[PDB]
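Residue-level listing of the chains:
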Amino acid sequence: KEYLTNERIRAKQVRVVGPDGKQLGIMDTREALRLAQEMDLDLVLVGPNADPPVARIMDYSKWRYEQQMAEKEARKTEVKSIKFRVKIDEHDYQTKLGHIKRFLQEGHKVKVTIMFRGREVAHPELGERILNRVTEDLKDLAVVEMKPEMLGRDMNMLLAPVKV
Amino acid sequence: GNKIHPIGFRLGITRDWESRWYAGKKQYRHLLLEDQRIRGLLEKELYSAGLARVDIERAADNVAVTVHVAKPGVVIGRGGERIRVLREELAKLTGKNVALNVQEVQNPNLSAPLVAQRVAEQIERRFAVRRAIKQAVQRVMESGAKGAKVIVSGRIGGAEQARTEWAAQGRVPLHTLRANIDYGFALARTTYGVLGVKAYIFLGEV
Amino acid sequence: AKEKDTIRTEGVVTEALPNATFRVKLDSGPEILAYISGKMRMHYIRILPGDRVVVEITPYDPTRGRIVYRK
RNA sequence: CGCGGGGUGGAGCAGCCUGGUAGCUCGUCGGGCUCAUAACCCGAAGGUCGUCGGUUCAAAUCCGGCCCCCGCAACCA
RNA sequence: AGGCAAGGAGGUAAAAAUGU
RNA sequence: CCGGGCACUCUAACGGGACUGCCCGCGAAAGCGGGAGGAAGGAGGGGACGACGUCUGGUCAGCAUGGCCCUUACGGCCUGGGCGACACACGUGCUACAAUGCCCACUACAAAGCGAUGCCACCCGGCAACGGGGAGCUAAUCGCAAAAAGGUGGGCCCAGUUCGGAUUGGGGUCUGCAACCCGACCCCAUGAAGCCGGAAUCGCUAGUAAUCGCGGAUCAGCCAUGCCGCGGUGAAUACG
RNA sequence: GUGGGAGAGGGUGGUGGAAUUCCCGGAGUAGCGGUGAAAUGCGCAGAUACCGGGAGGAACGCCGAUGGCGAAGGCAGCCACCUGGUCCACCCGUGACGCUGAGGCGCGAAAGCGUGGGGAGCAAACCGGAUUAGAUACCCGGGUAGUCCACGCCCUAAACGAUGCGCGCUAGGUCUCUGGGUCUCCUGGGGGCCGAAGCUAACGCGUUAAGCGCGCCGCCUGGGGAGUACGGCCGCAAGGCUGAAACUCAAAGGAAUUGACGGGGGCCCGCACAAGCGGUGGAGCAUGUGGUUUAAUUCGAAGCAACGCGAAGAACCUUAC
Ligand SMILES: [Mg+2]
Ligand SMILES: [Mg+2]
Ligand SMILES: [Mg+2]
Ligand SMILES: [Mg+2]
Ligand SMILES: [Mg+2]
Ligand SMILES: [Mg+2]
Ligand SMILES: [Mg+2]
Ligand SMILES: [Mg+2]
Ligand SMILES: [Mg+2]
Ligand SMILES: [Mg+2]
Ligand SMILES: [Mg+2]
Ligand SMILES: [Mg+2]
Ligand SMILES: [Mg+2]
Ligand SMILES: [Mg+2]
Ligand SMILES: [Mg+2]
Ligand SMILES: [Mg+2]
Ligand SMILES: [Mg+2]
Ligand SMILES: [Mg+2]
Ligand SMILES: [Mg+2]
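Cut-off values and rules
- Along each chain, residues carry numbers from 1 upward in sequence order, and these need not match the entry's numbering; residues missing coordinates do not appear.
- Written order decides the labels, with chains lettered from A and ligands numbered from 1.
- Working note: chains shown belong to a larger assembly, and all values are for the shown part only.
- Heavy atoms throughout the structure, all of them, feed into the side-chain values; hydrogens and water do not.
- UniProt positions are given in the numbering used here, feature names are shortened, and annotations may be inferred rather than shown by experiment.
- In this analysis, rings of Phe, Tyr and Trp, with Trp reduced to its six-membered ring, are considered paired at centre separations within 6.5 Å, and the interplanar angle assigns stacked below 30 degrees, edge-to-face beyond 60, and tilted for intermediate values.
- We count a stretch as a helix when DSSP gives it H or I for four or more residues in a row; a strand needs E for two or more, and each element gets its number in order from the N terminus.
- Buried means the residue's accessible area, taken with a 1.4 Å probe over protein chains only, is under 20% of the maximum for its type, while exposed means over 50%, and partly exposed covers the values in between.
- Geometrically, a charge over a ring is one whose NZ (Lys) or CZ (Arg) sits within 6 Å of the ring centre while staying within 35 degrees of the ring normal.

Going by the PDB entry, chain C carries the name Translation initiation factor IF-1 and comes from Thermus thermophilus HB8. In the PDB, the structure is listed with the title "Structure of bacterial 30S-IF1-IF3-mRNA-tRNA translation pre-initiation complex(state-3)". The UniProt entry for chain C carries this comment under Subcellular location: "Cytoplasm". Check the Sequence similarities section of the UniProt entry for chain C; it says "Belongs to the IF-1 family."

The name given to chain B in the PDB entry is 30S ribosomal protein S3, with Thermus thermophilus HB8 as the source organism. Its UniProt record gives chain B a comment under Function, which states: "Binds the lower part of the 30S subunit head. Binds mRNA in the 70S ribosome, positioning it for translation." Under Sequence similarities, UniProt gives the following word-for-word description of chain B: "Belongs to the universal ribosomal protein uS3 family."

Now the structure itself:
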């Protein structure tokens, strides 16, 4: 994802855009560089595809750093995927339910996802049967986000906390 | 598995061909075919005689069919007439002037194919296969051949399992060319399935 | 006597059960406890729930069958 | 009716607020990796940001209305 | 100064489920 | 070209040559470091060759063979079709995405192999594939055949283009009884995607990779860019 | 008995520093800590790191051992007290007073529980963060009981030398610690190691025997069921002792041996990775395959070692559909 700086800029007449919400026109590469120098914020080819390449006057590195930080923040609060079957047992089901409950308590969203084989005929019903029941059980902690929808080789149900 | 045919290995060196004669591209295949046919027919006939090398030459439509044999009188007849009949048959098979040489082998236990054939015969009337092999080996040793390995495989004793029966004696440097190893092959044609009679004999250096 | 009053009826495998025994849902009624035939075991032919298999059923007790056919 | 907050690749959510420059997780499909399955990794596929507008050289972003979704009150009568 | 070795340091040896 | 020569290459039979043999140094030895002479040095390079066994690997579809099963058909013959079908996926290759290139024109060096209804010199017809005529060989003695990249000169000028060549239309050439399914080839038109490729990954230690052509076998013809083979240019880097 | 000796033996009372934390004081500022990486965590009210003192509580560095002590559990700063065991030397006193021990009584780590205290660190549970498909876990940040003491109770353990105690005999050597000697060597008592004979299933044991005996006690008669039920006793509880059967399986096992295997070790190797050049995957096409479709798409090959493979020549042929 290269928004390109200073003399990473090959294009002749770049659309020299300012830092904020201003422009300087469609000016040369050298001109753009000079402008960047003036602001001390780098010249950055943020839209190369655009009607002459969009060349923002921004400090590139700092911006990138900020973006990275934001990304990191986004990493976390999160979603737990509880994977059911068609051939899954009653004790197993209970275990899964318990896990889901724990997750809810913690403050995590819940993708209860069923993983299917062949017999996508007597798969969907069983997926519903398990998942619906589970949802009914955890109603006290959980507002269902996504209902039991069959999606080709899988089935999803999702639960969100009522409150945390 | 592995192991290339031991004569095939030699051939260029101390060993010489099962037949030698020139033929160019136009007529080479025909002659070869004829030779093959001859070999087949002789095998069908002289299985009694015990044969190793069926050496052929073409000194210009003078086909040569030297039989290297164990039982020389079996070839000739009782005077000199089964030699004659066979010759006639051979002539009939190939439309050219032809002869029949017999160069019987001093010590048949020295010739490996003969040994193999013997072993096969023994197997066919059902002997203790391993025992037979051992006996053969002993015979070979007595005959002086400094090495003998006799692999017989497949369903030994009519047993319902893919078995390899081994047993060997002496130096068998199946690898050095300077070995003059006589290889012998025979096919034990027995009722329950075929037993492969592979035989080797190491009999002289340089 | 060697008795062939045996029923050779189709059945979609319902239940995965232990020891290569599988309750298979027959089209001769219900799902009986049907076990693998030795040939299948030998050839390592895997049965999962959902296979329309021929199941060998003796009249003496139809409770137990045999997965005769490889799916 | 009164007020606040949000509507975004299929779902959850970042970014809006500070005009230009849309990300991650789950899901879809394909591959890889593995002896093989999950797991894994990768991609590829896939959003104009509810919508109609205007602003401005240029809107997810500034602004209005409608459409929704959440909640709080709705009093004297 | 090198020669070997004893001991003390500290750095390294990540993680990776299963069964025809 | 010829006489003429066996000198040189060569061709292909025989034989020498290298053995850690010589020297130094280390080492008990084996051997190791370096040198010398020597075309070659420590197995000179490369083959050919694959131990007991293993995976009940693979092949009853090359052949052989036990058993079972079929015998007016699970046998036989032909004609036509099918093996080439195509929403997809993978493997293996080629050709690319250019200017260390592309095109055109001249010019120069190979080896190894083949060739008899086979290769086809040369001559003309044709833009050409080829066609016709026709010498020559029975192959070191002629032919395939031009090797190509390369070298000189010209053009092209950074573009999806003189890059790239797929597809699609049209005319033909050849083989064969017959190329519609489903041949190759020529010529003209068409000129798509692709601007060096994600995770992953594979080859390669020297005349090696990389790239460049030629020969072949099967074969009427060829879907051969495959395989097998031969030479031309000719690298990198290995601390570990 | 007398003369000695060694020692973390036990209890009672004290003290001695390092260290930790916590408090005050000072100087000082932008992070500390933490990790395979990180994040939670603390820090501007100023942490951390550094010095000064003080407050505690706990443990005892070096010596320190392959060592010493006890009957075992166990036990280490040091000192004092009370106090066990033991070893030698003299062979002086007694004259078989001994050995063993069902029961019984006593001790009995650690955890646990009761009553009261104390509480620095560590730290189950627990609350966080990461790690992860999941994380009740390994890893980090706290954190309660508990660890510590008194008194009481609990009584189990790989309570191990997996070796009951007692004595007698049956090669040595070698190192050790501790006593006496006529002291470069003898002779006792302990602790180890190697090995004669012998034993053992082998490993190993081998004067500290698992050797040869004798003495007595404890227990064993296939594994699982199960140290469970059932009773009984003990206990404030947790549980402990005491201890089956029904059934079930043709095994549960030990010791070694050959291999294989190990995210076991050492030594090696190979284009195996690195170092390098060129690709593959992205494009089209050439092909072979899987899948799919077909009237049939003949059949096989399957990770390396199936996938320009059989096929080194599918228009008909070939050809098997
Ligand atoms: Mg039956
Ligand atoms: Mg005393
Ligand atoms: Mg302070
Ligand atoms: Mg006395
Ligand atoms: Mg007296
Ligand atoms: Mg703590
Ligand atoms: Mg966590
Ligand atoms: Mg936790
Ligand atoms: Mg902790
Ligand atoms: Mg307490
Ligand atoms: Mg015990
Ligand atoms: Mg006792
Ligand atoms: Mg002691
Ligand atoms: Mg002693
Ligand atoms: Mg002994
Ligand atoms: Mg010992
Ligand atoms: Mg014993
Ligand atoms: Mg217990
Ligand atoms: Mg009780």
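Still to come is the rest of the account.
Asks: Help me understand the packing of aromatic side chains in this model?
Replies: The geometry of an aromatic ring pair comes down to the distance between the two centres and the angle between the two planes. All names here are of chain A. Going through the model one piece at a time under the given rule, you end up with three aromatic pairs over all chains. Aromatic side chains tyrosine 3 and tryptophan 63 sit 5.3 Å apart centroid to centroid with 90° between the ring planes, which places their arrangement in the edge-to-face category. Here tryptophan 63 lies in helix α2 (residues 60-74) and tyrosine 3 lies in the segment before β1 (4-5), a separation of 60 residues in the sequence. Owing to a relative accessible area of 29%, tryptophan 63 belongs among the partly exposed residues under this scheme. Between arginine 8 and the ring centre of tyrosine 60, over which it is positioned, the NZ or CZ distance is 4.8 Å.

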